[PDB]
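Order of appearance sets the numbers: ligands from 1, and atoms from 1 within every ligand. Naming: A, B, ... by sequence-line order, numbering from 1 per chain.
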Amino acid sequence: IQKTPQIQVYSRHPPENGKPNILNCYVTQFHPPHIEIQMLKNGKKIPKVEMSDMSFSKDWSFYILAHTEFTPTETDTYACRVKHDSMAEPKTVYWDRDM
Amino acid sequence: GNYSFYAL
Amino acid sequence: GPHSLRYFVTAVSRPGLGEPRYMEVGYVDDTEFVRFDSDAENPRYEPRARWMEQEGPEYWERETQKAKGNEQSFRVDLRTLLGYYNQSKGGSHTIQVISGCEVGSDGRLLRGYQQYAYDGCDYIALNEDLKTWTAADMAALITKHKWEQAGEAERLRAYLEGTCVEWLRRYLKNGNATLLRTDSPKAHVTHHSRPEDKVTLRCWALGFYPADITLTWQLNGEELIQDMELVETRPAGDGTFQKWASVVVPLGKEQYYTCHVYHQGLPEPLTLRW
Ligand SMILES: *[C@@H]1O[C@H](CO[C@@H]2O[C@@H](C)[C@@H](O)[C@@H](O)[C@@H]2O)[C@@H](O)[C@H](O)[C@H]1NC(C)=O
Ligand SMILES: *[C@@H]1O[C@H](CO)[C@@H](O)[C@H](O)[C@H]1NC(C)=O
């Protein structure tokens with residue numbers, strides 16, 4: 001019940017360069033609830049990210065989704081940066097389009 | 001519609 | 001099939017930073033449909049699903065007032081719990097509640113529930129019979145005794161058997177095009193090298209609704225549930241869900257392993273290989 005977040009980054013559709021899509025950062029299994037979540041394109045904060053799907057599991061840990069529309073290209077990078085009291089420094093998790 | 005909670 | 005109405009309620013104190021943060025988030029099945037967040041600039045109950053546009057202004061006003069009333073009860077609760085547990089005023093604490101009901105395909109009640117946690121640990125829960133509570137510690141026993149003398153279980157049972165069920169039926173009626181749909185999974189397998197002559201095979205299921213799904217890997221007709229890694233089913237930003245499951249296999253033997261996908265939108269389960 002200090003539980004460190006699991007951070008998962010994934011697209012809605014298999015990525016195709018130049019095709020609109022949705023990028024997700026699902027931050028899960030964490031406690032306490034205070035948290036900061038940012039989505040980054042080439043290291044710059046993406047504006048208008050939607051937060052949704054807040055819930056908790058049977059063990060009371062928190063879950064929440066950040067998502068945004070995006071159009072991938074070959075070399076733009078995307079990441080989700082999370083600050084939580086369980087970690088000394090923010091954790092940045094990159095989208096792995098080949099997973 | 002949610003419940004109207006009372007204090008514990 | 002059966003359906004559920006669930007509210008996830010959270011109150012979090014923040015000593016030195018003003019009033020607690022208070023949130024309610026409602027779901028019909030796996031679909032978020034309403035929310036209240038005290039940290040919004042002018043906090044109000046808000047729709048989260050398109051079909052909630054079918055509720056008129058009076059709904060939003062009434063549910064907003066209810067949320068504000070609930071917010072006040074949880075503010076008092078945070079203070080009360082410091083007393084029950086003999087804790088100081090300087091630390092942040094959390095109350096969580098899950099509340100709701102489930103109905104069968106015919107709209108009749110299957111079950112109701114309401115369970116509380118304090119700092120991420122069970123506090124008090126309504127028993128399945130909807131008549132008594134069970135308390136996890138001596139603080140919760142004080143609550144149980146208060147609620148018993150006040151007739152709280154009768155009020156809660158009336159909500160769960162009546163109001164909750166009636167609202168759930170209405171939401172299913174209004175949101176039928178969204179809530180009663182089935183979106184079939186689309187699946188694929190990715191492959192990754194490892195040190196040693198092994199490979200990771202990852203089976204993906206994308207674009208599905210509802211969220212319940214089963215992914216398995218088999219070898220020789222036997223499921224490998226032990227050898228598998230997986231992620232919990234997760235929302236994908238448009239009201240659908242996704243999942244993956246992986247296994248590590250010997251290089252050159254990938255052909256013997258099959259991924260199987262079972263879902264309400266798959267008349268026959270999918271079988272796929274790398
Ligand atoms: C969903 O139900 C429709 C009829 O019900 C009504 O229209 C819906 C959208 C709600 O507003 C409800 O309160 C009304 O009574 C059917 O016309 C329609 O075909 C159904 N849609 C699907 C996908 O089955
Ligand atoms: C409450 O905590 C304080 C120590 O912080 C102690 O002096 C006091 O006696 C405690 N009360 C009980 C009932 O344990």
Side-chain angles (χ1 to χ4, degrees), chain A residues 1-2 32, chain B residues 1-2 7-8, chain C residues 1-7 13-16 26-35 45-63 76-95 100-109 118-124 135-146 162-186 207-213 235-241 263-267:
Chain A
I1 248 60
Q2 182 153 279
Chain B
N2 202 358
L8 52 66
Chain C
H3 298 282
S4 302
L5 174 57
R6 294 179 295 161
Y7 290 87
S13 59
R14 42 204 174 177
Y27 293 82
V28 174
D29 299 336
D30 305 310
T31 297
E32 187 185 359
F33 80 111
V34 287
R35 175 193 69 184
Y45 235 73
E46 295 182 356
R48 304 290 285 153
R50 176 77 67 109
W51 47 267
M52 287 296 293
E53 69 187 347
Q54 295 174 53
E55 295 301 343
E58 299 183 307
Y59 177 95
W60 303 104
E61 188 57 39
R62 288 178 187 215
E63 301 313 309
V76 171
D77 292 342
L78 285 159
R79 190 200 200 271
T80 299
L81 280 16
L82 293 179
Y84 290 166
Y85 289 105
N86 195 37
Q87 294 168 150
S88 89
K89 304 178 247 90
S92 178
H93 297 280
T94 301
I95 298 168
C101 59
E102 301 185 359
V103 295
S105 49
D106 62 0
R108 299 203 91 193
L109 181 71
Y118 184 53
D119 292 334
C121 302
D122 285 350
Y123 183 81
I124 199 170
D137 66 25
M138 277 178 294
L141 181 58
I142 295 166
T143 297
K144 177 177 186 287
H145 288 160
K146 288 179 177 187
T163 306
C164 189
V165 165
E166 289 166 2
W167 279 120
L168 175 51
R169 291 169 181 164
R170 174 180 174 89
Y171 298 145
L172 290 159
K173 179 180 176 281
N174 289 169
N176 70 307
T178 294
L179 300 166
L180 303 187
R181 85 189 195 275
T182 299
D183 294 337
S184 304
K186 290 189 184 184
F208 58 86
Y209 187 88
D212 189 45
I213 197 164
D238 66 351
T240 62
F241 294 85
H263 187 267
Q264 166 181 317
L266 297 173

Hey, would you say the C:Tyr118 and C:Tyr85 ring centroids sit under 6.0 Å apart? yes
C:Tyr27 ring center near C:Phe33 ring center (under 6.0 Å): no
Passing option when C:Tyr209 is tested against C:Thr31, C:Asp183, C:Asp30 for side-chain hydrogen bond (donor to acceptor under 3.5 Å, both in side chains): C:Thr31
Considering residues at least two apart in sequence or located in another chain, which fulfil the side chain to side chain donor-acceptor pair (under 3.5 Å) criterion with C:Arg169? none
May I ask you to check whether C:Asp238 and C:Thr240 show a side-chain donor-acceptor distance below 3.5 Å? yes
By side chain to side chain donor-acceptor pair (under 3.5 Å) - contacts of C:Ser13 (at least two apart): none
Using side-chain heavy atoms (C-beta onward) and a distance below 4.5 Å, is C:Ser4 in contact with C:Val28? no
Going by distance alone, is a donor N or O of one side chain under 3.5 Å from an acceptor N or O of the other, for C:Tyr123 and C:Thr143? yes
For C:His93 and C:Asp119, which heavy atoms make the closest approach, and how far apart are they? ND1-OD2, 2.6 Å
Under 4.0 Å from ligand 1 - residues by heavy atom, chain and number: C:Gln54, C:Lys173, C:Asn174, C:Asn176, C:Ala177
Within the 4.0 Å heavy-atom sphere of ligand 2, strictly under, residues: C:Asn86
